[PDB]
Each structure stands twice: as C-alpha cells, then as structure tokens.
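Novice: Quick one: the structure is below, and I'll ask about it shortly.
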Amino acid sequence: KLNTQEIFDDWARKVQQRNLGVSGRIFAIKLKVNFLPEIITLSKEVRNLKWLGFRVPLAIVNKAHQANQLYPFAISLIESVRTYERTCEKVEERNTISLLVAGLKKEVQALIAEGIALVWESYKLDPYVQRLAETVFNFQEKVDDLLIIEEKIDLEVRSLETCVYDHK
Amino acid sequence: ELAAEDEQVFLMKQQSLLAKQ
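What follows is the structure, given as structure tokens:
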C-alpha cells in the first residue's frame, strides 16, 4: 500500500496536461503579471523529486528551468505592480494630494506603456526591471514626505478656527 | 488639473487595448 509510484505518475500527468508555459507578454490587461505563483511550486516539485530518485520528464525539467530563471524578475515586476496599485488606491482615497503626486504617476504609467511591448524572452526585460524599481522607489519616498507635511498643514489650518483671536 | 485615472476607467482603457489585439 505504501508504494508512491502512482503519486509521481499522476503528478507528472497533471502537470503535462496543464502544459504550463511562461512565454508571452510580461503584463496583460487591473494590471497583472503573467506569472502565477504555481509556476514556482513546480520547480520545487522537481527539486525534491530528483532527490527522491523519480525520473522527472525532460520537458518538465525545461519548464522548471524557465521558472527558476524568470521567478526573481517576476517577483520584482509583481512587487512593483502591487506597490503601484496600493499607492494608487491610497492617492485616489485622498483626492487632496493628487496634484502633488502627478509627476510620479505619469512617470510610472509611461514606464508601463514602454513595457507593454516587451516579452519574457526580451533581453531588455531585465533592464526594464532596473528602470521600474528606481522610479517606483522615488514615487514611494516623495509620497511619504508629502503625507508627513500635508498632515502638519492640515493640523495647522485646523488650528486657525480654534486659536486665540490675536494677530501674533 | 492632472488627476490619476480611476481604476475602472484605466482598466476599461486596458480592456479596449487587449480586445483589439
């Protein structure tokens, strides 16, 4: 009863039937990165199985290879998209600070527009990951600075209605 | 007044882009 050959055969058959492939445009249109978490797990599903001695198929090995190469790039891209989405939600929820953060918004949108034409096979995909991180990094810092300053201005203007009626 | 595109309007634009492709 303890033989696990059936489990390995079933898993290999399921993954082959899925026919997972990362090739395609790096983004698609909510913004998404065409790199699901599952493509990571298959690589690990090979990494342990090779230790267990099961002869994994060559195509599965190649898919694990592509997953391993593109996973850090996909994490950088999905982190950038998630940061942009949450920060955009924060900015939309507070319409007062929309004008100040206009430059970072148009910059990141322009970088995304440049990247729509890219593919996972593009050599320029890795330099774009470098480009997007810097611009998003600047956008986060300046937004953080304004929130500190804007609250102080909000408190100070709030002080005026209740402050003492003297010129000083 | 430059304003960030709403999620819905930006995604309708992206829908228009994807559909035509």
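Taken in order, these protein sequences are the chains called A and B. In terms of the numbering used here, the first sequence is residues 17 to 184. In terms of the numbering used here, the second sequence is residues 7 to 27. We put the CB at the ideal spot given by N, CA and C, even for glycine.
1. Counting only Cβ pairs nearer than 7 Å, list the residues of chain B close to A/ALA118.
2. Could you round the C-beta distance between A/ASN50 and A/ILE42 to whole angstroms and report it? I think they count as a contact, below 8 Å.
3. Taking its Cβ as the centre, do 16 or more other Cβ atoms sit within 10 Å of A/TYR100, making it buried, or is it exposed?
4. What is the DSSP secondary structure of A/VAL180, reduced to helix, strand or coil?
5. Inspect the beta-carbon positions of A/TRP136 and A/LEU58 and report whether they are closer than 9 Å.
6. Could you please give me the residues that DSSP links to A/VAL49 through a beta bridge?
7. Give me the chain B residues within the contact set of A/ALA44, using Cβ-Cβ distance strictly less than 8 Å, ordered along the chain.
8. Using 9 Å as the limit for Cβ to Cβ distance, is A/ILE132 near chain B?
9. Taking the alpha-carbon of A/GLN156 as reference, which of A/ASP142, A/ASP182, A/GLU172 and A/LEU116 has the nearest alpha-carbon?
10. Curious, which full-length alpha helix (DSSP H) runs of at least 4 residues does the stretch 43-105 of chain A contain?
11. Answer yes or no: does any C-beta atom of chain B fall closer than 9 Å to that of A/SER114?
Specialist: The structure says:
1. Those are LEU8, listed as they occur along chain B.
2. Confirmed, Cβ separation roughly 7 Å.
3. A residue is called buried once 16 or more other Cβ atoms fall within 10 Å of its Cβ, and A/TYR100 is buried on that count.
4. A/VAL180 falls in the coil class under three-state DSSP.
5. Contact: no.
6. A/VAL49 pairs with A/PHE43.
7. Contact annotation for A/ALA44 against chain B: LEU24 [CB-CB distance below 8 Å, chain order].
8. Residue contact check for A/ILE132 against chain B: a CB pair falls below 9 Å.
9. Taking only the C-alpha atoms, the option nearest A/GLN156 is A/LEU116.
10. As summarised for the stretch 43-105 of chain A, the continuous alpha helix (DSSP H) elements at least 4 residues long and confined to that stretch are 54-68, given in chain order.
11. Cβ-Cβ to chain B under 9 Å: yes for A/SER114.
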